[PDB]
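Q: Questions regarding the structure given below will be posed in turn.
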Amino acid sequence: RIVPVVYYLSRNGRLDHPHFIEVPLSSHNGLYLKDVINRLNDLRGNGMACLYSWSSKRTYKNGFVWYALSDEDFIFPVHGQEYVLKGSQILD
């Protein structure tokens with residue numbers, strides 16, 4: 001199965017529209033960050049996703065919070081099986 005993922009890249013402060021990709025699932029009850037990163041590696045090259053620290057949008061108080069993810073972490077959806085991530089440019 002494949003799931004829809006929207007991601008926002010943030011450099012100075014997200015000077016750009018989000019991207020939409022379809023991500024192949026490794027397990028049928030859940031998406032892991034590694035699944036997203038594998039798909040980006042295929043589309044954008046191995047050198048892209050490692051430039052960013054990844055978060056997923058999650059409900060918090062009266063809005064949302066960007067919840068920091070590791071490669072091995074499970075990603076929870078927001079709203080209706082909707083997956084929204086943010087890659088924040090690593091500054092080193």
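If you're wondering about the labels, chains in the structure tokens are A, B, ... by order shown, residues count from 1 in each chain, ligands from 1 in order shown.
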At a cut-off of 12 Å, using only C-alpha atoms, what residues contact residue 48 in chain A? Leave out same-chain residues fewer than 6 positions from it and give the result as number ranges by chain.
A: A: 9, 37-42, 87-90
Q: For residue 21 in chain A, find every residue with an atom within 7 Å (counting only C-alpha atoms), except residues of its own chain fewer than 5 positions away, and show them as a PDB file with N, CA and C atoms, in the first residue's frame.
A:
```
ATOM      1  N   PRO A   4      -0.329   8.926   1.064  1.00  0.00           N
ATOM      2  CA  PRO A   4      -0.008  10.299   0.670  1.00  0.00           C
ATOM      3  C   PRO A   4       0.730  11.039   1.783  1.00  0.00           C
ATOM      4  N   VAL A   5       1.829  11.725   1.448  1.00  0.00           N
ATOM      5  CA  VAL A   5       2.552  12.521   2.445  1.00  0.00           C
ATOM      6  C   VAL A   5       2.752  13.923   1.909  1.00  0.00           C
ATOM      7  N   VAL A   6       2.431  14.952   2.709  1.00  0.00           N
ATOM      8  CA  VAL A   6       2.758  16.332   2.354  1.00  0.00           C
ATOM      9  C   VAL A   6       3.918  16.748   3.255  1.00  0.00           C
TER      10      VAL A   6
END
```
Q: Excluding residue 33 in chain A and any residue of its chain fewer than 5 positions from it, enumerate the residues within 7 Å of it, using only C-alpha atoms, and give them as a PyMOL selection string.
A: chain A and resi 70-75
Q: Can you check which residues of range 21-70 of chain A DSSP gives as helix (DSSP H, G or I) on the backbone and send them as a tab-separated table (two decimals) with N, CA, C and O atoms, in the first residue's frame?
A:
```tsv
chain	number	residue	atom	x	y	z
A	33	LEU	N	9.26	6.92	9.86
A	33	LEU	CA	10.02	7.97	9.18
A	33	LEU	C	10.94	7.36	8.12
A	33	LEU	O	11.13	7.92	7.03
A	34	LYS	N	11.50	6.18	8.44
A	34	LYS	CA	12.39	5.53	7.50
A	34	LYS	C	11.67	5.26	6.17
A	34	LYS	O	12.31	5.29	5.14
A	35	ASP	N	10.34	4.99	6.16
A	35	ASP	CA	9.61	4.76	4.90
A	35	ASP	C	9.63	6.02	4.02
A	35	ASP	O	9.86	5.94	2.79
A	36	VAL	N	9.38	7.19	4.65
A	36	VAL	CA	9.40	8.52	4.02
A	36	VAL	C	10.80	8.83	3.51
A	36	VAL	O	10.97	9.20	2.34
A	37	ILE	N	11.81	8.57	4.34
A	37	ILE	CA	13.18	8.86	3.94
A	37	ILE	C	13.61	7.95	2.77
A	37	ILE	O	14.24	8.40	1.81
A	38	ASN	N	13.22	6.66	2.82
A	38	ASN	CA	13.51	5.80	1.67
A	38	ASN	C	12.92	6.32	0.36
A	38	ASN	O	13.55	6.26	-0.72
A	39	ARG	N	11.70	6.83	0.42
A	39	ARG	CA	11.05	7.35	-0.77
A	39	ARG	C	11.76	8.62	-1.23
A	39	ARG	O	11.95	8.84	-2.43
A	40	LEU	N	12.09	9.50	-0.27
A	40	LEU	CA	12.82	10.71	-0.70
A	40	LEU	C	14.18	10.35	-1.31
A	40	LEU	O	14.66	11.02	-2.23
A	41	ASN	N	14.88	9.39	-0.71
A	41	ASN	CA	16.16	8.96	-1.28
A	41	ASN	C	15.97	8.55	-2.73
A	41	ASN	O	16.84	8.86	-3.58
A	42	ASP	N	14.87	7.82	-3.02
A	42	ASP	CA	14.63	7.40	-4.41
A	42	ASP	C	14.34	8.59	-5.34
A	42	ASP	O	14.87	8.71	-6.46
A	43	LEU	N	13.51	9.51	-4.89
A	43	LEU	CA	13.11	10.61	-5.73
A	43	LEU	C	14.15	11.72	-5.88
A	43	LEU	O	14.36	12.26	-6.99
A	44	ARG	N	14.76	12.07	-4.75
A	44	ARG	CA	15.57	13.29	-4.64
A	44	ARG	C	17.06	13.00	-4.44
A	44	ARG	O	17.80	13.99	-4.41
A	46	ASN	N	20.13	10.35	-2.29
A	46	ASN	CA	20.45	10.11	-0.89
A	46	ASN	C	20.91	11.36	-0.14
A	46	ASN	O	20.79	11.43	1.09
A	47	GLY	N	21.41	12.33	-0.89
A	47	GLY	CA	21.91	13.52	-0.22
A	47	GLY	C	20.88	14.57	0.17
A	47	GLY	O	21.28	15.63	0.69
A	48	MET	N	19.56	14.31	-0.04
A	48	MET	CA	18.59	15.34	0.27
A	48	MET	C	18.09	15.18	1.72
A	48	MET	O	18.14	16.17	2.51
A	49	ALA	N	17.49	14.03	2.09
A	49	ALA	CA	16.70	14.03	3.34
A	49	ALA	C	17.61	14.22	4.56
A	49	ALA	O	17.14	14.75	5.55
```
Q: Report the distance between CA of residue 18 in chain A and CA of residue 66 in chain A in Å, rounded to one decimal place.
A: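 CA of residue 66 in chain A lies 14.9 Å from CA of residue 18 in chain A.
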Q: Tell me, in Å to one decimal, how far CA of residue 78 in chain A is from CA of residue 13 in chain A.
A: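 Between CA of residue 78 in chain A and CA of residue 13 in chain A the gap works out to 22.1 Å.
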Q: Name all residues at most 7 Å from residue 86 in chain A (count only C-alpha atoms; drop same-chain ones fewer than 3 positions away) and give them as a PyMOL selection string.
A: chain A and resi 7-9+54-56
Q: Kindly indicate which residue among A:83, A:51, A:10, A:45 lies nearest to residue 23 in chain A, using only C-alpha atoms for the distances.
A: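 Residue with the minimum atom-to-atom distance to residue 23 in chain A: A:83.
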